[PDB]
Amino acid sequence: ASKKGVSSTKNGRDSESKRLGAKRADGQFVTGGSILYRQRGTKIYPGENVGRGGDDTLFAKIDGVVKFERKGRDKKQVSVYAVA
Amino acid sequence: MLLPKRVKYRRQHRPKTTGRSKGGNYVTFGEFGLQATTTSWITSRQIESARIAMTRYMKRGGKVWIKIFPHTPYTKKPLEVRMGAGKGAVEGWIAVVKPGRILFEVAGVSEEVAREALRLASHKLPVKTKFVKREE
Amino acid sequence: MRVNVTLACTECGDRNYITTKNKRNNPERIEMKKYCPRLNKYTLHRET
Amino acid sequence: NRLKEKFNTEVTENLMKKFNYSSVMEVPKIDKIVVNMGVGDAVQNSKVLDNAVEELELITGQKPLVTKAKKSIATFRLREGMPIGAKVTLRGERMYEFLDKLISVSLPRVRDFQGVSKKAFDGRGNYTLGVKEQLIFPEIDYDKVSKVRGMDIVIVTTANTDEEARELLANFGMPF
RNA sequence: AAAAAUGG
RNA sequence: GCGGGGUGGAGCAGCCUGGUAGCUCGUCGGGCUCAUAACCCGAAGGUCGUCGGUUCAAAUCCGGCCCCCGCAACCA
RNA sequence: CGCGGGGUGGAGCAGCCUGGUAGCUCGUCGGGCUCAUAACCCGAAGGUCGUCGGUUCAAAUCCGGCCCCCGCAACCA
RNA sequence: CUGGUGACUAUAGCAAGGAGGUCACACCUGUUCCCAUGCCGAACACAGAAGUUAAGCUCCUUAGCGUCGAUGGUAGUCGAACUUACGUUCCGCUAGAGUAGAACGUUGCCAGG
RNA sequence: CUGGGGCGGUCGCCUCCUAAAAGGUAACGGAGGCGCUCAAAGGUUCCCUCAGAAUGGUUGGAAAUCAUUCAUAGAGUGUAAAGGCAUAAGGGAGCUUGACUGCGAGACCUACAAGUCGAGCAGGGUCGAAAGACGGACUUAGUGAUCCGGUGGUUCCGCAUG
RNA sequence: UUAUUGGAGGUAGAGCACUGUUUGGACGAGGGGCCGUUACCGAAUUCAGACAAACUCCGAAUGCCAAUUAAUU
Ligand SMILES: [K+]
Ligand SMILES: [Mg+2]
Ligand SMILES: [Mg+2]
Ligand SMILES: [Mg+2]
Ligand SMILES: [Mg+2]
Ligand SMILES: [Mg+2]
Ligand SMILES: [Mg+2]
Ligand SMILES: [Mg+2]
């Protein structure tokens, strides 16, 4: 049976997905050090008691409740506040 | 033969064809228009055929507007080849048309001439159509 | 940088650090202050 | 400060009367003078730029800033960062001394001098004068001038309009 | 005793 | 299907390694001859296949369109 | 990886052994030569000796570091 | 009321027109001093008080730009029923655009008036 | 591996789209990068703001350098893309070496082995008046298990004992 | 599981503010054939109208993560 020659694709590559995004919910209690948000750049900024790691990961510095908040007109941040 | 001078991507996902016409649903340049009532891809070759038909009937008296443009390349595999081994090469260019879109408009002729010209045009197209006027 | 470099304390001789350098930009044995844990102080280390 | 005294005494009064200024603070004054020399052949011979810098320093009295290419241009064979100009900014007494000297001692030394362009105003009260040869200035001996090259002298004024700038420069004594 | 063609 | 190539009129370099188009023959002008050939002196002649891209800068690096060459096109 | 050798005008070879001095054959320029042409003869320019150091009054030459090329040999993360 | 210093998605901005000065803020006068300019006392820094509201700055007017923005309707859509029709029906949710309209800021603390 | 096999292409890692607004998600689906670079292009303190256009000006032209104005990011961010960055993460300068030692509550990712982030504590430092910042670089590629061998260190062992 | 409340995120739709694509007008910074004025006006500007997996000034329904949370299980 007749069979034609086929070409090749130069595509077929992709990197591993990095599981970015929110790691804890607004209103959730977290312990100090818990990662809050994985990101490239500052899509979300560190707020109160929140640090920004070398790769922009947002993390809690204290035990407390996570709160995602507006930051100005276009930006936002995430904060952690100690519970009473 | 309409086609973009260039595109960023030559190999594109084929467009969605369900739904209604997003825009261009009114006669806006001429007096009379040809309104699509069914859905189809419309090729540059079909556009050109319809344009020539209507302009030749109008005998250069009036003005014609093509309201749709074939932005989208579609590919096709080479003859008698098996599935896989990448996407095929660009075959042509199409405009997606859904019910309500005005395909052509005409001005500067009588309503009777416009009707006959747009009838001749519609017979070249893969969609059902209706003669439409400017609304007010 | 294009070659590996070992920085050794110039007081005790311990090879405390590894780093890298471009050999064309820095053909000489590079030197810099680094902490020497054996001496518990910053000392001048230089490329071996 | 003879020219500055003239400005304080006569030019101020004349200009204020002519333009009906409700306050003296509206009276235009010469903010600064920037003397620039673009040396594009420094690409091919840096000694040309060195001589240009020395001559500009002699003319102005202060060391010039060497200005470097902002971008690379293939046609000029210019690479970004290559020094291709010199510039001096004069303010205050040095500016006034240079201005009176340019008006009196220097400009008449121009060969076939017939006044300076009256249309060479940017449109906002600033005047640029293009001198075509450095030998004009009394501080330069033609013996030591390996090559003759010009300069751009930008008189930056606080005048909002070319008319007020023209009046200021004319009262100072600029030919036109 | 180096090489130096042709001409209705 | 996979490779290699396309540069004055011809043939062939230059690409690898961006900033620089070379050689032989051919063409034109002057010379030598009674004249032609050969020969001597001097000159012109290629936007580097054609479109896009990166670059400050493209024969050169990258991607399409075209043309040529070579190899491959097997099992029923 | 060890042992040898090579790098010198625009090209191809000496001079290194044993410290001075840059020689030889082609190539280019000028002259003689001839009816030109070739061949031949004579004048010149042409590398400072792969590169950086070191010992000497003195380095292409002697001693080291480095950059390439070749021959043979070695190589059980 | 003025100033300093905060808070708030510009409803706060821009633009245009107009008013203001012993207090204060500036422009402003200078380069001895600390300090400074790849050159420049322009700037930064310092010393100072002859002049000016010209500019900044503050205040007032507005709806040209920017900002905000419904209701109603439409697109889309969770679920269900029917359906292969580039679908239909019912229910809930409900844009974007646009329209009316809002808007030339609202406020905390401190020192002066 | 393979829309039978051969031939062609591919094999690890990074970015985007497909991917159906958490995350994840395939095909010989659509596009590109990587196997480095930087002694500053790192840390810190202080300072600064672009691209482009118009109008004047000599050699100088459409673009060189100078001046004013406009210019909200159309510039730059070493290097692909994406996400970020004009309170700069972009640019300049001074001083410097934290491109530290011991670590590490907790957390992400994940079959394992690995991979990622991390406050804070101690030692000893750099810059800064100080607050404070600093365990490389705007972020995410720039990498390869064990065995074996080489080199340096070592208050470890040492086959009767040294 | 549902109810209520908060939050992350950029799809459907929509739009054209960016990156690209694109149809008709208007006008032309400026020079050329033209004397001033009957190409190119390639620029730029501007009005109206369209297109997008790898466009976004916007932006759902759902789904998702939670809550000293209530009901049923
Ligand atoms: K039809
Ligand atoms: Mg005869
Ligand atoms: Mg002849
Ligand atoms: Mg099959
Ligand atoms: Mg997702
Ligand atoms: Mg083994
Ligand atoms: Mg023993
Ligand atoms: Mg859509």
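Below, read A as the first sequence line, B as the second, and so on, with proteins coming before strands; counting in each chain starts at 1. The basis for the numbers below is simple: all heavy atoms, side chains too, and nothing from hydrogens, waters or symmetry mates.
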Novice: Could you check how far OH of D:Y21 sits from P of H:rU52, rounded to whole Å?
Specialist: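 One finds 18 Å between P of H:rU52 and OH of D:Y21, rounded.
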Novice: When you check the sign of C1'-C2'-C3'-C4' for G:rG19, do you get north or south?
Specialist: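 With a negative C1'-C2'-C3'-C4' torsion, G:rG19 is south.
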Novice: Among D:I153, D:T128, D:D152, D:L56, which residue meets the side-chain contact (heavy atoms from CB on, under 4.5 Å) test with D:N36?
Specialist: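 Answer after filtering D:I153, D:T128, D:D152, D:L56: D:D152.
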Novice: Quiz question: going by heavy-atom distance under 3.5 Å, is there a donor-acceptor pair between the base of I:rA107 and the side chain of A:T31?
Specialist: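 Under the 3.5 Å cut-off, the side chain and the base do not form any donor-acceptor pair.
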Novice: State, without any angle test, whether C:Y35 and C:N40 hold a side-chain donor-acceptor pair at a distance under 3.5 Å.
Specialist: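 Side-chain D/A pair, C:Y35 to C:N40: present.
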Novice: Hey, does the base of I:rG35 sit stacked on I:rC36, as in ring centres below 5.5 Å and plane angle below 30°?
Specialist: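 Between I:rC36 and I:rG35 there is no base stacking, as the criterion is defined here.
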Novice: Using the P atom as the reference point in each nucleotide, state the distance between G:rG27 and G:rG65 in Å, no decimals.
Specialist: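 Taking atom P in both G:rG27 and G:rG65, they lie 43 Å apart.
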Novice: Could you check which nucleotide pairs with H:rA19 in any of the strands shown, counting Watson-Crick or G-U wobble with both distances under 3.5 Å?
Specialist: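 H:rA19 is paired with H:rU58.
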Novice: Between the base of I:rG56 and the side chain of D:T128, is there a donor-acceptor distance below 3.5 Å?
Specialist: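 Counting by modelled atom types and ignoring angles, a donor-acceptor contact under 3.5 Å is found here.
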Novice: Would the bases of I:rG142 and I:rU143 meet the stacking rule of centres under 5.5 angstrom and planes under 30°?
Specialist: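 Ring centres or planes out of range, so no.
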Novice: Any strand counts, and the cut-off is 3.5 Å on both contacts for Watson-Crick or G-U wobble. Which nucleotide pairs with H:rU106?
Specialist: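 In the structure as shown, H:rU106 has H:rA7 as its Watson-Crick or wobble partner.
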Novice: Any donor-acceptor pair under 3.5 Å joining the side chain of D:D122 to the base of I:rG56?
Specialist: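 When only heavy-atom distances are counted, D:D122 does not reach the base of I:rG56 through any donor-acceptor pair under 3.5 Å.
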Novice: Going by 5.5 Å between centroids and 30° between planes, is there a stack of A:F68 over J:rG7?
Specialist: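 Per 5.5 Å and 30° rule: no stacking.
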Novice: Both D:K71 and D:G40 contact RNA chain I. Taking the nearest nucleotide for each, which residue is further toward the 5' end?
Specialist: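 Checking each residue's closest nucleotide, the 5'-ward one belongs to D:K71.
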Novice: Under the rule that ring centres be under 5.5 Å apart and planes under 30 degrees, are H:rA50 and H:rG51 stacked?
Specialist: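 By the ring-centre and plane-angle rule, H:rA50 stacks on H:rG51.
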Novice: Give a yes or no on whether a donor-acceptor pair under 3.5 Å exists between the nucleobase atoms of I:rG4, that is its base, and the side chain of A:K3.
Specialist: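 Per atom types, the contact qualifies.
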Novice: Any base atoms under 4.0 Å from A:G33, or only sugar-phosphate, or nothing? Heavy atoms, all strands.
Specialist: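 It contacts base atoms.
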Novice: With hydrogens left out and only the distance checked, is there a donor-acceptor pair under 3.5 Å joining A:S8's side chain and the base of I:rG8?
Specialist: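 Counting by modelled atom types and ignoring angles, a donor-acceptor contact under 3.5 Å is found here.
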Novice: With side-chain contact (heavy atoms from CB on, under 4.5 Å) as the test, pick out the partner of D:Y127 among D:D122, D:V154, D:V116, D:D162.
Specialist: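 With D:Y127 as partner, D:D122, D:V154, D:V116, D:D162 yield a single side-chain contact (heavy atoms from CB on, under 4.5 Å), made by D:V116.
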Novice: Measuring only the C1' atom in each nucleotide, how far is I:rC121 from I:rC85? A whole number of Å is fine.
Specialist: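 It works out to 33 Å between them.
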Novice: State, as yes or no, whether the six-membered rings of F:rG11 and F:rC12 are stacked by the criterion of centre distance under 5.5 Å and planes under 30 degrees.
Specialist: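 Stacking test on this dinucleotide step: yes.
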Novice: Below 3.5 Å, does any donor atom in the side chain of D:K63 face an acceptor in the base of H:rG38, or the other way round?
Specialist: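 There is none.
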Novice: Taking 4.0 angstrom as the limit, do D:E133 and D:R111 come out as a salt bridge?
Specialist: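 No, this pair does not count.
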Novice: Has the side chain of C:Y42 got a donor or acceptor atom sitting under 3.5 Å from an opposite partner on the base of I:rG124?
Specialist: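 Between I:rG124 and C:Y42, which were checked side chain against base, a qualifying N/O pair under 3.5 Å is present.
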Novice: Base, sugar-phosphate alone, or nothing: which one does A:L20 contact when heavy atoms must sit under 4.0 Å apart?
Specialist: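 Touches sugar-phosphate only.
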Novice: Does B:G23 offer a backbone N or O that forms a donor-acceptor pair with the side chain of B:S21 under 3.5 Å?
Specialist: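 A pair under 3.5 Å: yes.
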Novice: Is any side-chain N or O of B:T18 under 3.5 Å from a base N or O of H:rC86, one able to act as donor and the other as acceptor?
Specialist: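 Check fails, no donor-acceptor contact within cut-off.
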Novice: J:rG32 on J:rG33: ring centres under 5.5 Å and planes under 30 degrees?
Specialist: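 Base stacking between J:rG32 and J:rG33: absent.
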Novice: Which residue, A:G53 or C:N25, contacts RNA chain I at a nucleotide closer to its 5' end, judged by nearest heavy atom?
Specialist: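 Mapping each residue to its closest nucleotide by heavy atoms, the 5'-most match is C:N25.
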Novice: Using the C1' atoms only, state how far G:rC17 lies from G:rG5, rounded to an integer number of Å.
Specialist: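 One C1' to the other, the span is 15 Å.
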Novice: B:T75 and side-chain contact (heavy atoms from CB on, under 4.5 Å): which single residue from B:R10, B:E91, B:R11 fits?
Specialist: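 For B:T75, the side-chain contact (heavy atoms from CB on, under 4.5 Å) test succeeds with only one of B:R10, B:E91, B:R11, which is B:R11.
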Novice: With heavy atoms under 4.0 Å as the rule, sort B:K22 into base, sugar-phosphate or nothing.
Specialist: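 If one applies the 4.0 Å heavy-atom cut-off, B:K22 turns out to touch a base.
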Novice: Take the protein atom CG of A:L58 and the nucleotide atom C1' of I:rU140, then report the distance between them rounded to whole Å.
Specialist: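 In whole Å, I:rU140 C1' and A:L58 CG are 15 Å from each other.
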Novice: State the sugar conformation of H:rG17 as north or south, using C1'-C2'-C3'-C4' as the deciding torsion.
Specialist: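 Here the torsion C1'-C2'-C3'-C4' comes out positive, placing H:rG17 north.
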Novice: Could you check whether A:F29 gets within reach of a base, just the sugar-phosphate, or nothing at all, counting any heavy atom under 4.0 Å?
Specialist: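 Nothing, no nucleic acid heavy atom in range.
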Novice: Is there a donor and acceptor pair, one atom on the side chain of D:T75 and one on the base of I:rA63, closer than 3.5 Å?
Specialist: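 Such a pair exists between side chain and base.
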Novice: Under 3.5 Å, is there any donor-acceptor pair linking the side chain of D:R124 to the base of I:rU55?
Specialist: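 A donor-acceptor contact between them is absent.
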Novice: Using purine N1 to pyrimidine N3 plus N6-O4 or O6-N4 for Watson-Crick, or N1-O2 and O6-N3 for G-U wobble, each under 3.5 Å, what pairs with J:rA43?
Specialist: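 Check on J:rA43: unpaired, no WC or wobble geometry under 3.5 Å.
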Novice: J:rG24 P sits how many Å from B:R51 CZ, rounded?
Specialist: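 Result: 11 Å.
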Novice: So, does B:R101 get its side chain near the phosphate of J:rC51, meaning an N or O under 4.0 Å from OP1 or OP2?
Specialist: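 For J:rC51, OP1 or OP2 has a side-chain N or O of B:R101 closer than 4.0 Å.
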Novice: Indicate syn or anti for J:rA52, taking the glycosidic torsion and treating anything within 90° of 0 as syn.
Specialist: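 You should classify J:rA52 as anti.
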Novice: Given that both distances must come in under 3.5 Å, which nucleotide forms a Watson-Crick or G-U wobble pair with F:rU36?
Specialist: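 In the structure as shown, F:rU36 has E:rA5 as its Watson-Crick or wobble partner.
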Novice: Can you tell me whether the side chain of B:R82 and the base of I:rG4 have a donor-acceptor pair closer than 3.5 Å?
Specialist: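 Such a pair is found, so the answer is yes.
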Novice: Return the pairing partner of J:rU11 with a 3.5 Å limit on both distances, Watson-Crick or G-U wobble; otherwise return none.
Specialist: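 Pair assignment: J:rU11 / none.
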Novice: Any donor-acceptor pair under 3.5 Å joining the side chain of B:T17 to the base of H:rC86?
Specialist: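 In this structure, the two groups form a donor-acceptor pair.
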Novice: Looking only at side chains, do D:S22 and D:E26 share a donor and an acceptor under 3.5 Å apart?
Specialist: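 Yes.
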Novice: Counting only Watson-Crick or G-U wobble pairs whose two distances fall under 3.5 Å, which nucleotide matches I:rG90?
Specialist: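 With both distances under 3.5 Å, I:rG90 matches I:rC48.
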Novice: Measure NZ/D:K29 against P/H:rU29 and give the value in whole Å, please.
Specialist: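 Atom-to-atom, D:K29 to H:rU29, this comes out as 5 Å.
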Novice: North (positive) or south (negative) by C1'-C2'-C3'-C4': which describes F:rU54?
Specialist: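 North.
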Novice: Under the 3.5 Å rule, do the base of I:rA89 and the side chain of A:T42 count as making a donor-acceptor pair?
Specialist: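 Donor-acceptor pair under 3.5 Å: yes.
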Novice: Only pairs with both distances under 3.5 Å count, Watson-Crick or wobble alike; so what is the partner of I:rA99 in this structure?
Specialist: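 Base-paired to nothing in any strand shown.
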Novice: NZ/A:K43 to CG/A:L58 distance, rounded to the nearest 0.5 angstrom?
Specialist: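 Those atoms lie 10.0 Å apart.
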Novice: Please determine, for I:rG106, whether a Watson-Crick or G-U wobble partner exists with both distances under 3.5 Å, and give it or none.
Specialist: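 Across any shown strand, I:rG106 pairs with I:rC117.
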Novice: Quick check on I:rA86: from the sign of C1'-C2'-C3'-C4', north or south pucker?
Specialist: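 With a negative torsion about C1'-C2'-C3'-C4', the sugar belongs to the south class.
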Novice: Grab the CE-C1' distance between B:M83 and I:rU2 for me, whole Å please.
Specialist: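 It is 15 Å, rounded to the nearest whole Å.
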Novice: Taking N and O atoms by type only, does the side chain of A:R19 place a donor or acceptor under 3.5 Å from a partner on the base of I:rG24?
Specialist: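 Such a pair does not exist between side chain and base.
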Novice: Is it true that A:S79 and A:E69 share a donor-acceptor pair across their side chains at a distance under 3.5 Å?
Specialist: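 Yes, a side-chain donor-acceptor pair sits under 3.5 Å.
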Novice: Could you work out the separation of I:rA71 and J:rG15 based on their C1' atoms and round it to a whole Å?
Specialist: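 One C1' to the other, the span is 27 Å.
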